[PDB]
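For reference, the structure is listed below as structure tokens.
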There are 2 protein chains.
Amino acid sequence: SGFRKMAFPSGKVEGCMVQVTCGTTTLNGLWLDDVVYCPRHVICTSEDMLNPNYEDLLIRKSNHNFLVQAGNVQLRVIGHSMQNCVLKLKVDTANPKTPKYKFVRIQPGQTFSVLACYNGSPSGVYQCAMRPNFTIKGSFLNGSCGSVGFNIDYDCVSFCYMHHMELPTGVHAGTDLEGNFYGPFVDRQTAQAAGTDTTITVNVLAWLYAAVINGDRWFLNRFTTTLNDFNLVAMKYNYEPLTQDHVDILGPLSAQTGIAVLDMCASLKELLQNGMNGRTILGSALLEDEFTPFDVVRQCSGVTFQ
Amino acid sequence: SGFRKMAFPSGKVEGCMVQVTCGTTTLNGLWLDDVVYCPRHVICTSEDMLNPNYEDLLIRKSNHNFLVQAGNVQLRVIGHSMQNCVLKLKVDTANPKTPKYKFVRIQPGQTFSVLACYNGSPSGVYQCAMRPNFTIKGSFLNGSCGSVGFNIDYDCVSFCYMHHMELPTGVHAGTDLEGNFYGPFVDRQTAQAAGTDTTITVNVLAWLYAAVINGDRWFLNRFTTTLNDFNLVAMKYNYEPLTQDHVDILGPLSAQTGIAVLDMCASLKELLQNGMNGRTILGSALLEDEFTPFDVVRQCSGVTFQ
């Protein structure tokens, strides 16, 4: 028992992290086979940052401008190209620690593990969800550009996030590993801001199921509700609509707990209308929305990864 | 910016995790140099569990009774011995992935990373604090015995915890890597229970400093208090006494924020007496006590590990 915000074991990703230096700028890169992936902003300088001009900036670069350091070993850059907002540096050495991997873009409401990195050296690992407004509530300091987010499925690392910057509310924006931003953000300094967020309804229901599995039942009740009548209450509290697919995805959890999805919606309805009256759920005084149904099943049933 | 419950990168520990099987019991072991460490309960059977008798149980064992599997490679056991509640299996192969390490026992109130493992295969990583009552609020399912907790300091893994079992409130008890329990627990089934806990006062103050560093200032006030007058309020709310050493340890955080430790105590006093009035601190509606001063400095300043 117990329920924790739990990341994937980071070892397979630690073995891919390198340091990329261009001019006076140093950030993290991701070394897979013979390519290093990193944010293209590494080729910018402290006055190029205002409205840069990246095709122009890159044509003025040569391979020898890029210093790639894998631990205490220098990698020779033999080619460079840009894909959207990422730089791809071909190096003369394939990473012998390359795990099996995919580049996968995630959906808002989905979670992933972040390996925070500085100067190519992993610092910590934690779990994040992609918010409905395509930001993540990360923990990043200066030098963390190029840190990656990922999920692991058996032996295969699905990279989904590369860190690019911090928005003025302290939330974070980045790209998938094709260099495409999540959300309406750019790798510049503009006045860009997150914009309105919502709570991930299906995740909150998954977490209530996790609580029931773990022995917190005080919030249950005899009531039920219609999907329509629940969604009307969700909308005043700034919760996302719940779909039949969400109901279907919650099926397995509903099955082991014996608590119909619509019954749990009734409970959430009451929690939203009454608050928690001084009590806690899984050690939280807030309705928690950054665990998916999959995360709950994984931790309340116990699969591993090789 | 941002503040997350962040674990150490788990790669150096993933490379030490093995599977130990004795009879019909299978759990996790920790392979360092040519020794595998694991809970001695692996030599128990489903009726030996009531009041076992471990010196007797072990003398009846031979090396070939122990099957050690490092991934898909079988390790040959050449010696076995018991140290308190851990078994030490000498194997004929030194782990080529042995990091530099120490066995260090931690204090209540200190934090560490846990690599949850099943059948020798790492499943996830999360951060825990050792509670004042010597339990940890972990996330463990059947098969997680022998999962380890650890801290990493530059390149050196300080192992501090081996998981042994779950108490009836769903909290967890285990040993240091010398086989000595944290707290008044035994590797048996008795009616043993956690017993009274308290909140880790110095950690809550560290977390309030983290919040100030991250822009949450609504809980600050002009007031100060005496260490004595604060400790009187701490005791009605079941908070640990605050010592001058705690004040000293909070010095650096007090210095970058410009908020005297005793001023922050006044703020905590008000938060304890008034609640949070619907607001949150670092995304929490509760006073959080499982980050140390060191954890806050590490994440709000950004050191890495090699």
Side-chain angles (χ1 to χ4, degrees), chain A residues 8 13 16-20 22 25-33 35-44 48-49 51-55 57-58 61 66 68 80-90 101-118 120 122 125-152 157-177 179-195 197, chain B residues 1-2:
Chain A
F8 290 101
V13 181
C16 307
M17 293 312 291
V18 301
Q19 199 188 155
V20 177
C22 201
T25 300
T26 294
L27 53 77
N28 306 284
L30 187 75
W31 180 23
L32 306 158
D33 303 310
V35 178
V36 171
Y37 302 81
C38 77
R40 66 181 183 172
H41 195 279
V42 72
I43 71 179
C44 287
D48 294 9
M49 74 289 289
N51 213 318
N53 199 300
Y54 280 99
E55 193 172 89
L57 299 190
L58 189 48
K61 282 262 180 273
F66 297 97
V68 181
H80 57 283
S81 62
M82 176 163 146
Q83 162 161 51
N84 310 298
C85 294
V86 302
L87 201 62
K88 302 170 59 179
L89 301 182
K90 185 184 286 186
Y101 71 95
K102 308 196 273 224
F103 287 171
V104 307
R105 194 177 172 91
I106 57 165
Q107 287 293 316
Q110 291 198 270
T111 56
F112 57 99
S113 301
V114 169
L115 185 64
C117 285
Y118 302 88
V125 57
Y126 54 90
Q127 197 75 350
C128 292
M130 173 79 48
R131 300 307 309 171
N133 64 4
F134 291 99
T135 68
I136 70 167
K137 294 169 177 272
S139 169
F140 288 124
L141 303 175
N142 283 146
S144 62
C145 294
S147 305
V148 299
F150 62 90
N151 280 111
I152 299 184
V157 181
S158 288
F159 295 103
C160 56
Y161 180 76
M162 187 166 289
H163 188 51
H164 282 72
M165 75 282 297
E166 189 176 296
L167 291 182
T169 55
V171 296
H172 299 104
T175 67
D176 63 23
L177 269 291
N180 301 299
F181 285 88
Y182 290 103
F185 309 112
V186 299
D187 54 344
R188 260 187 281 148
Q189 289 187 358
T190 72
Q192 57 190 330
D197 209 17
Chain B
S1 88

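Each chain gets a letter, A, B and so on, in the order the sequences are listed, and its residues count up from 1.
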Open item on the list: Run A:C38 and A:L27 through side chain to side chain contact (heavy atoms under 4.5 Å, CB included) and show every step you take.
Closed with: CA-CA 8 Å; A:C38 77; A:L27 53 77; 3.7 Å; yes

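- Annotation for A:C85 and A:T175: closest pair CB-CG2, 4.0 Å, computed over non-hydrogen atoms.
- Between A:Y37 and A:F103, the ring planes lie perpendicular to each other; the angle is over 60°, past the 30° to 60° tilted range.
- Going from atom CE of A:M165 over to atom CD of A:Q192 covers 6.0 Å, rounded to the nearest 0.5 Å.
- Panel note: side chain B:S1, backbone A:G170; a donor-acceptor pair is recorded below 3.5 Å.
- Rounded to the nearest 0.5 Å, atoms CE (A:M49) and SG (A:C44) are 8.5 Å apart.
- Of the residues listed (A:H163, A:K137, A:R131), the one engaging A:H172 in a side-chain contact (heavy atoms from CB on, under 4.5 Å) is A:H163, and it is the only one.
- You'll find the side chain of A:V114 reaches within 4.5 Å of the side chain of A:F140, heavy atoms only.
- Residue A:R40 holds its CZ atom at 11.5 Å from CD of A:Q83, rounded to the nearest 0.5 Å.
- Two residues are said to be in side-chain contact when any heavy atoms from C-beta on lie closer than 4.5 Å; A:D187 and A:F181 meet this criterion.
- Under the 3.5 Å distance criterion, the side-chain polar atoms of A:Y182 are left unmatched by any main-chain donor or acceptor of A:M130.
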- [ ] Go through the steps to decide whether A:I136 and A:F112 satisfy the test side chain to side chain contact (heavy atoms under 4.5 Å, CB included), and finish with yes or no.
- [x] CA-CA 10 Å; A:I136 70 167; A:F112 57 99; 3.7 Å; yes

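- The backbone N or O of A:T111 lies less than 3.5 Å from no partner atom in the side chain of A:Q127, so there is not a single donor-acceptor pair.
- Across all non-hydrogen atoms, the minimal contact from A:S139 to B:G2 is OG-O, 3.6 Å.
- Rounding to the nearest 0.5 Å gives a distance of 8.5 Å between CG of A:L89 and NE2 of A:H80.
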Task: Worked check of side chain to side chain contact (heavy atoms under 4.5 Å, CB included) between A:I106 and A:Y161 - done: CA-CA 8 Å; A:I106 57 165; A:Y161 180 76; over 6 Å; no

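- At distances below 3.5 Å, not a single donor-acceptor pair connects side-chain atoms of A:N151 with backbone N or O atoms of A:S158.
- Annotation: side chain of A:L57 is in contact with side chain of A:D48 (closest heavy-atom distance under 4.5 Å).
- With a 4.5 Å cut-off on side-chain heavy atoms, A:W31 and A:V68 do not count as touching.
- Proximity of a side-chain donor or acceptor of A:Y118 to a complementary backbone N or O of A:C145 within less than 3.5 Å is not detected.
- The backbone N or O of A:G120 lies less than 3.5 Å from a partner atom in the side chain of A:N28, making a donor-acceptor pair.
- A:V18 and A:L30 get closest at one heavy-atom pair: CG2-N, 4.3 Å.
- The two residues A:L167 and A:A193 make their nearest non-hydrogen contact at CD1-C, 4.3 Å.
- A 4.5 Å side-chain heavy-atom check between A:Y101 and A:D33 finds at least one atom pair inside the cut-off.
- Pairing each heavy atom of A:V20 with each of A:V42, the nearest pair is O-CG2, 4.1 Å.
- When all heavy atoms are compared, the tightest approach of A:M162 to A:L177 is CE-CD1, 3.5 Å.
- At least one donor-acceptor pair closer than 3.5 Å links the side chain of A:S147 to the backbone N or O of A:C117.
- Side chain of A:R105 to backbone of A:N180: a donor-acceptor contact under 3.5 angstrom is found.
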Task: Derivation of the side chain to side chain contact (heavy atoms under 4.5 Å, CB included) call for A:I43 and A:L87 - done: CA-CA 9 Å; A:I43 71 179; A:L87 201 62; 4.1 Å; yes

